[PDB]
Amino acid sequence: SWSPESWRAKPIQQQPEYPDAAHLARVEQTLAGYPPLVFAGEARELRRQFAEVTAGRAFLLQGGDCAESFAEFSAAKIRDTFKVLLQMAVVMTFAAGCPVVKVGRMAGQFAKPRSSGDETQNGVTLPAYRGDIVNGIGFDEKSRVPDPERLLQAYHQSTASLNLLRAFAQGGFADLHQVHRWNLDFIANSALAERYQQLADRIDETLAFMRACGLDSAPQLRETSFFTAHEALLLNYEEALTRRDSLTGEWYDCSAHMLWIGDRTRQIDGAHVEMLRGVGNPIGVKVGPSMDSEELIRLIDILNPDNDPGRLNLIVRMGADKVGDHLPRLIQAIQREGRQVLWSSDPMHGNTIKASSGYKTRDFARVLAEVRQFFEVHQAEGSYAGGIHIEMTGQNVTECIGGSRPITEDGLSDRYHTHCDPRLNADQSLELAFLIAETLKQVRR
């Protein structure tokens, strides 16, 4: 049997050590009384859309932050990342004639899993930084001791962020008439920028035609659905925000529409699998090179016992060198056992190089290579390449190498070569969108 607190009886990885259990429990009770971020009916609607993807009738775009931070809590940052997501979505929707399910890694993507539980600099060892929802990035004792009050700050940043995202999605910002406005000003003077401009002009002509034909009325042209997701890592936060549906009695984790389990926390007997087992949300699991086909099926039996086609997103992150060797055997097992899953590529988390110094690099060419091979593997196996899962930014930076132009090495990006990972910029994201749109069009041809 399941409860929102049943995870606490299981073995668990990646959790902080709080210094005062009672203080933690007080903050958890405060949070438990605060309004949810999402309505259960919305999570059901995302499941319905996931089922369209799983059936090959739509495509899942999931994108946003590596890890959101309290020091970057602005409307401009939120807006500009949303613009990139809209630009990618409209490229794929128009060029491929394919509905796109838009899910942001936003409004709650704070907690970060770490390779090591501690960090050492020149003879001093402190607890690892686990994201702003747990502790601070500064290498000092006060910063690194987990502080339960950070749960509430994360909640407050999430409600402000999602309120604004809902306002943009429904209130006119995402109206198709605004297609040119979604292109960030630093996408310019290039073949890619021209390509988007031309596509946007084709959309203008489409809308003018639909107006001349007597439509243009349709609310679908003026708004779009937008959903949120994050890794369900800090289960104290997730439990506090887990709530029963008023109508059905069924539990939903209402911190976000979609929750996923990370590659380091997907132990079948573990806490994270136990938490998501019993919520009604659509959910995801990160599937890295260590996953074999036997243990994948066992995980699916726990996380989707009814084999519902909108329930489960398998987010494959193998690396450009391993996707061809590892993915086919997993697909074959799913096909053999008749399982309904939404397959996505995370082409980023398997393609990070960490130097001895700790400095992280991601080569955009390896990113693109993994995406190309992911579609190739699905094509060979007769299965459906259903989505893309990326870390990106609307900021005018270059964090991944191998792009058209060289990396920028701004201090604001230092976080994204050490504690976090390198994100795609708008140019890279747009190039990826065009690649996917061409690939989808050929699949649907």
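So that there is no doubt, residue numbering starts at 1 and follows the sequence shown.
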* Structure fact -> With B-factors read from the PDB entry, the higher C-alpha mean of 217-225 and 72-80 is in 217-225
* Structure fact -> Mean B factor on CA atoms, stretches 173-181 and 289-297, record says higher is 289-297
* Structure fact -> Listed options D65, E45, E381, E28: highest C-alpha B factor recorded at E381
* Of the residues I261, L327, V91, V367, the one carrying the largest Cα B-factor as recorded -> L327
* Please place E231 in the lowest, middle or highest third of its chain by C-alpha B factor as given in the entry. => lowest
* Looking at the C-alpha B-factor of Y359, is it in the lowest, middle or highest third of its chain? -> highest
* To do: Within this chain's modelled residues, let me know which third the CA B factor of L303 belongs to: lowest, middle or highest.
  => middle
* Would you check the entry's CA temperature factor for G56 and let me know if it's in the chain's lowest, middle or highest third? => middle
* CA B-factor ranking of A32, expressed as a third of its chain -> lowest
